[PDB]
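Given next are the chains, with one letter for each unit.
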Amino acid sequence: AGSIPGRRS
Amino acid sequence: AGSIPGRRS
Amino acid sequence: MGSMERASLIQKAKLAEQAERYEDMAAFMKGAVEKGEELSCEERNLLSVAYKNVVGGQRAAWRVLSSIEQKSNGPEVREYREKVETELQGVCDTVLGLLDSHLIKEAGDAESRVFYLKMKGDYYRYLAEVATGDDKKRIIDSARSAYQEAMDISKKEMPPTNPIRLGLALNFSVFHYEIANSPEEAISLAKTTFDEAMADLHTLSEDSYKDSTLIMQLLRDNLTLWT
Amino acid sequence: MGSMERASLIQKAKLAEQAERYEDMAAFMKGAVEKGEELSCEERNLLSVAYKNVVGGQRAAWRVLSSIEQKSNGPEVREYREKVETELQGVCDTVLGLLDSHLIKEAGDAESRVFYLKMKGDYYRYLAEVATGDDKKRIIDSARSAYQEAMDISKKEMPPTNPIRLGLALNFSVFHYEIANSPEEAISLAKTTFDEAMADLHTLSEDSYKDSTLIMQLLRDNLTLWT
Ligand SMILES: *Cc1ccc(S(=O)(=O)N2CCCc3cc(F)ccc32)cc1
Ligand SMILES: *Cc1ccc(S(=O)(=O)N2CCCc3cc(F)ccc32)cc1
Ligand SMILES: [Cl-]
Ligand SMILES: [Cl-]
Ligand SMILES: [Cl-]
Ligand SMILES: [Cl-]
Ligand SMILES: [Mg+2]
Ligand SMILES: [Mg+2]
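About the criteria used
Residues numbered from 1 in each chain as written, not as in the entry; some residues may be left out. Chains lettered and ligands numbered in written order. Heavy atoms only, no water. Residues with missing side-chain atoms left out of burial classes, pairs and counts. Contact = heavy atoms within 4.5 Å. Buried area = accessible area lost by both parts, 1.4 Å probe. Salt bridge = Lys/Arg side-chain N within 4 Å of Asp/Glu carboxyl O. Polar contact = N/O pair within 3.5 Å; in protein donor to acceptor, adjacent residues only side chain to side chain. Least-squares fit on C-alpha atoms. 1 Å grid on protein atoms, 1.4 Å probe; cavity = no way out; pocket = protein on both sides within 12 Å on 5 of 7 lines; lining within 4 Å. Points joined across faces, edges and corners; volume = space filled by probe spheres on them. Helix = DSSP H or I, 4+ residues; strand = E, 2+ residues; numbered from the N terminus. Nonpolar A, V, L, I, M, F, W, Y, C, P; charged D, E, K, R; others polar. Buried < 20%, exposed > 50% of the residue type's maximum accessible area, 1.4 Å probe, protein only. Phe/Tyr/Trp six-rings, centres within 6.5 Å; stacked < 30°, edge-to-face > 60°. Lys NZ or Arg CZ within 6 Å of the ring centre and 35° of its normal. Near = heavy atom within 4 Å. Areas by Shrake-Rupley, 256 points an atom, 1.4 Å probe, with all protein chains shown as cover. Axes fitted to C-alpha atoms, helices over the stretch in contact; angles between N-to-C directions. Parallel < 35°, antiparallel > 145°, perpendicular 65-115°, else oblique. Left-handed = near helix turned anticlockwise from the far one by under 90°.

On to the interface of chain A and chain C. The partner chain C presents 19 residues to the eight residues of chain A that form the contact. A combined buried area of about 1,100 Å² lies between chain A and chain C, and 53% of that area is made up of carbon and sulfur atoms. In terms of surface lost to chain C, no three residues of chain A exceed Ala1(A), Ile4(A) and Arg7(A), which account for 57% of the buried area on that side. For the interface between chain A and chain C, the tally reads two salt bridges. Linking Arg7(A) and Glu17(C) is a salt bridge whose minimum nitrogen-to-oxygen distance equals 2.9 Å. The interface formed by chain A and chain C contains four residue pairs in polar contact.

Set out below in C-alpha cells:
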C-alpha cells in the first residue's frame, strides 16, 4: 500500500 | 561514452 | 546553517532537489525552518519532499536488513540493522522536533496546520514501523492522535477534493492497515474519502481536477490491493 | 572503524551493498583496507563498487549544478556547485590515499596491480573532470601515467580477453576521448582491444566468454557513439 509521494510524479 | 560498471548488471 | 540567509537556503534546497541530493536538501530546509519564520505553501512542500526522500531510503534499507536478519534467525546483521534503525529514528526525531518547535503552534490557517499534523502522523508512523519496546503502543497512539486532529480540521475547513485533505486520508488509511491492525477501518476511510471526492469533482477547474483525481487513484490502488 | 574486526567490516560492506547504502559500504571498505592486509579478488571488487557508486552520484550532481551555473552565466548556484565539487575531490583523495598507502606497493600479482592502477587512473580522471586551476595539466598526466603503467603490465601478463585488461582499455579509451582531447587515440584503442579480444574468445569457457563479451559490447557501444 502506497502513501502520498513528495511530488506529483 | 560509458566506463566499466561496478557490477556485471 | 545559521550563517546562511533564509532565501539562500530555500534556493539551495531547490537546487539540491534538482541534483537529487536529498540529504543536503533536508539540511537546507532544516536551516530555513530554524530561521523562525512561518513557511509558505511551496516551502512546506520543499521540507516534506526532502525528509520524505531521506527517511524513505532509510526505510527501504531497514526492510532489506530486517528481512536478512529474520532469515538468519554472528552479530553483524543485527548490529548493522540497529545502526540503520538508530539513524532513521534520529531523522524522525529531528522532523518531529521542527514540527514541535515551532511550526505547528504558529500554524493557524487550515492548510498549514493540517499539512504539519499530517507530517507529524507520518513521522510517528515511521517510528512505529521499527518499534518493539515499552513505548511502541505510545508511538502508535501519537501517530493516531496527530492524524485524528488533522482529520477533524480538514473535515470542518476544506472541501472533500482538497489535495491535502485527500493525502491525509490516504496516509491515515495506510496507518490503519499497516500499523494499527485495523484493515476494515482503512478500507472504510479510503472508500468514503474516494466517494465524497468523486461527488465534488464537478466544482473544480481542469488543474484542480487533475490533482484531486491523481490522489483518488492512489486511494483506489490501495483499495484494489486490500480487497 | 579501527575497533571492528576485518571480517565484520567485509560482511557489513556486503550487507550495505544489498541495502543500497553505498556511503556505508565505502566506509566499511576503507576500514578493511586500513587493517593493512592485502585484499582478495572479491574484496577488491567490494572496494571498487562502493567508491564508484559514491563518486558516481557526486559526478551526476556536479554535472546538474554545472549546467545550471553555465545557463545562469546571486552566488548560490556557484557556491553549491563548489560545495559538491569539494566533497567529490575529498572522496577521490581518500581513494587515491588508500591506493598509495599501501595497496599498490604491496600488489605483486598482475591481476591485483593492474586493478589498483586502473582505479588510480579512474580517480585522477574524476578529479580532471572538475579541474580548472594551475594543477589541471598535472592531474591529467597523473591519470595518464597510472593507466599507461596498467596497460603495460596487462599486455605482458594477461590474455587479451581478460576482463580486467578489457575494462582498463575501456576506461583509458574514455580518458582519451573525454579528458585528453584525443578522440582518434580513443577510437584506435577501443577498436584494437575489441579485435584482439574477438580473436581469443575461442579459448574461453562459457562463463569467461560471457564476461569478455559483455565488456566487448561496451567497447562497441562507445565506438558506435564516437564514429
Ligand atoms: C500531504 C500532501 C502534501 C502536498 C499535497 S499538494 O501540494 O497538493 N501536491 C504536492 C506534491 C504531492 C502531490 C501529489 C498529488 F498526487 C497531487 C498534489 C500534490 C497534497 C498532499
Ligand atoms: C575494472 C574491472 C574490475 C572488475 C572486473 S570483473 O571482476 O571481471 N567483473 C566484476 C564487476 C565488473 C564487471 C563487468 C563486466 F562486464 C564483466 C566482468 C566484471 C572487470 C574489470
Ligand atoms: Cl554496524
Ligand atoms: Cl500563524
Ligand atoms: Cl552551499
Ligand atoms: Cl603482495
Ligand atoms: Mg536575513
Ligand atoms: Mg582481528
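Looking now at the relation of the copies chain C and chain D. Of the two same-sequence chains, chain C is brought onto chain D (RMSD 0.0 Å, axial shift 0.0 Å) by a rotation of 180°. The transformation just described matches what one would write down for a two-fold rotation axis. No C-alpha of chain C lies nearer the rotation axis than that of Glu23(C), which sits 6.2 Å from it. When you check the interface residues of chain C against chain D, 100% turn up at the interface there too, and the contact is symmetric in its surfaces.

Here the focus is the layout of surface pockets. Of the pockets and cavities examined, the largest pocket occupies roughly 1,200 Å³. Surrounding the largest pocket, 33 residues form its lining, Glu20(C), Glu23(C), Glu20(D), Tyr22(D) and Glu23(D) being those nearest its centre. For the lining of the largest pocket, the elements supplying multiple residues, two or more each, are α2 (22-33), α3 (41-72) and α4 (76-106) of chain C together with α2 (22-33), α3 (41-72) and α4 (76-106) of chain D. Sort the elements by how many residues they give to the lining of the largest pocket and α3(C) lands first, with eight residues. Here the lining of the largest pocket is built from residues that sort into 16 nonpolar, seven polar and 10 charged.

Another point: the side chain of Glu69(C). All names here are of chain C. Of note, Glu69 is situated in helix α3. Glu69 gets classed as buried once you look at its relative accessible area, which sits at 12%. Not counting the four nearest positions on each side in its chain, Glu69 is found in contact with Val77, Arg78 and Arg81.

Our next topic: the packing of aromatic side chains. Evaluation of the coordinates by the stated rule reveals 14 aromatic pairs over all chains. Consider the rings of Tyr147(D) and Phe175(D), whose centres lie 5.7 Å apart with planes at 55°: the pair is tilted. Taken together, the positions of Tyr147(D) in helix α6 (residues 136-157) and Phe175(D) in helix α7 (residues 163-178) put the pair 28 residues apart, joining distant regions of the chain. Like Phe175(D), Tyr147(D) is buried. Ring-pair connections join several aromatic residues into one group, and the members of that group are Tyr147(C), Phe172(C) and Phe175(C). One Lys or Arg, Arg220(D), reaches over the ring of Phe194(D) and ends 4.2 Å from the middle of that ring.

Moving on, we come to the site of ligand 2. Close to ligand 2 lie 13 residues, the nearest being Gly6(B), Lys118(D), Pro163(D), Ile164(D) and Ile215(D). More than one chain approaches ligand 2, the contributing ones being chains B and D. Take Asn45(D): an N or O atom from its side chain is 3.4 Å from an oxygen atom of ligand 2. Notes on ligand 2: free accessible area 450 Å², of which the protein chains cover 92%. Those elements that place two or more of their residues in the shell around ligand 2 are α5 (110-130), α7 and α9 (206-226) of chain D.

Where three pairs of chains are in contact, the pair with the most contacts is made of chains C and D. With respect to C-alpha atoms, chain A approaches chain B no nearer than 27 Å, and the pair has no contact. Chain D makes no contact with chain A, the minimum C-alpha separation between the two being 19 Å.

Bringing the interface of chain C and chain D into the picture now. Each partner contributes residues to the interface: chain C has 23 residues there, and chain D has 23 residues. Both sides together, the interface formed by chain C and chain D hides about 2,100 Å², and carbon and sulfur atoms give 58% of it. Among the residues chain C hides against chain D, the three largest losses belong to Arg21(C), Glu76(C) and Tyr80(C). Together they make up 30% of the total. Where chain C meets chain D, there are six salt bridges. The residue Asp24(D) makes a salt bridge to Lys83(C) at a minimum N-O spacing of 3.6 Å. Between the two partners, chain C and chain D, sit eight residue pairs in polar contact. Counting only elements with at least two residues in the side of chain C that touches chain D, the list comes to α1 (6-18), α2, α3 and α4 of chain C. Looking at the side of chain C that touches chain D element by element, the count peaks at seven residues for α4(C).

Moving on, we get to the packing of helix α5 (residues 110-130) of chain C against helix α6 (residues 136-157) of chain C. Residue and element names in this part refer to chain C. At a minimum axis distance of 8 Å, the contact between α5 and α6 shows a crossing angle of 160°. When the axis of α5 is compared with that of α6, the two are roughly antiparallel. In this structure, the crossing between α5 and α6 has a hand that is left-handed. Residue-level contacts link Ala110, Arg113, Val114, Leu117, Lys118, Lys120, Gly121, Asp122, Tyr124, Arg125, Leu127 and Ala128 of α5 to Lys136, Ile139, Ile140, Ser142, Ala143, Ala146, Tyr147, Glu149, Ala150, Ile153, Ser154 and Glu157 of α6. In terms of residue class, the contact of α5 with α6 is made up of 13 nonpolar, three polar and eight charged.

The next thing to look at is the site of ligand 1. Residues in close proximity to ligand 1 total 13 residues, the closest being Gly6(A), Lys118(C), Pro163(C), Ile164(C) and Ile215(C). Chain contributions to the surroundings of ligand 1 come from chains A and C. The protein chains hide 91% of the 460 Å² of surface that ligand 1 would expose on its own. Contributing elements (two or more residues each) for the shell around ligand 1: α5, α7 (163-178) and α9 (206-226) of chain C. Looking at the shell around ligand 1 element by element, the count peaks at three residues for α9(C).

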